[PDB]
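Keeping their order, the protein sequence lines are chains L and 7. Following the deposited numbering from start to finish, the first sequence increments by one per residue and tops out at 914. Following the deposited numbering from start to finish, the second sequence increments by one per residue and tops out at 839. Even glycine gets a Cβ: it sits at the ideal position worked out from N, Cα and C. First up is the structure itself, then whatever we jot down about it.
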Amino acid sequence: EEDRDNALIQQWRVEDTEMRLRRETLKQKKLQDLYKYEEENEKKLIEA
Amino acid sequence: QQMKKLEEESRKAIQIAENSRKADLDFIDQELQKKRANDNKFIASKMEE
């Protein structure tokens, strides 16, 4: 079981990485929308 | 009568050695079963937050 516990380092360590990366890709989606939201708000101020 | 004190010598050679050494083992079993509970709790207590 000590060896299981050593495996548990890496097993929970990677889940930490897993949940973190789930968020990291979800960022990528959200940030492309962040970009346009700001770009669009500017583009119209200029237009008016 | 020596042979009688000798049958008694076994009792006086202390069958209680069972109980004495056993007591020392009753102690190791608490160290062991405490740990067994902790092996299941060491797994349960280290996760998820």
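Beta-carbon neighbours of residue i, restricted to chain L and to distances below 8 Å
i	result
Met-793 (chain 7)	Those within 8 Å of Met-793 (chain 7) in chain L number zero; the least Cβ separation is about 54 Å.
Chain 7 contact residues for residue i, given Cβ-Cβ distances below 8 Å
i	result
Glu-867 (chain L)	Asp-829
Three-way DSSP call (helix, strand, coil) for residue i in this model
i	result
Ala-813 (chain 7)	helix
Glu-797 (chain 7)	helix
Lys-910 (chain L)	helix
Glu-867 (chain L)	coil
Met-837 (chain 7)	coil
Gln-791 (chain 7)	coil
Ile-806 (chain 7)	coil
Proximity winner among the options, relative to residue i (alpha-carbon distances)
i	options	result
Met-837 (chain 7)	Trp-878 (chain L), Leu-892 (chain L), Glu-868 (chain L) and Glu-867 (chain L)	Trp-878 (chain L)
Residue i: CB within 6 Å of a non-hydrogen atom of the ligand PLP
i	result
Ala-813 (chain 7)	The ligand PLP is absent from the structure shown, which contains no ligands of any kind.
(message) Give me the subset of the stretch 820 to 839 of chain 7 whose CB atoms are less than 9 Å from a CB atom of chain L, sorted by chain position.
(response) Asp-829, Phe-832, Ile-833, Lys-836, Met-837 and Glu-838
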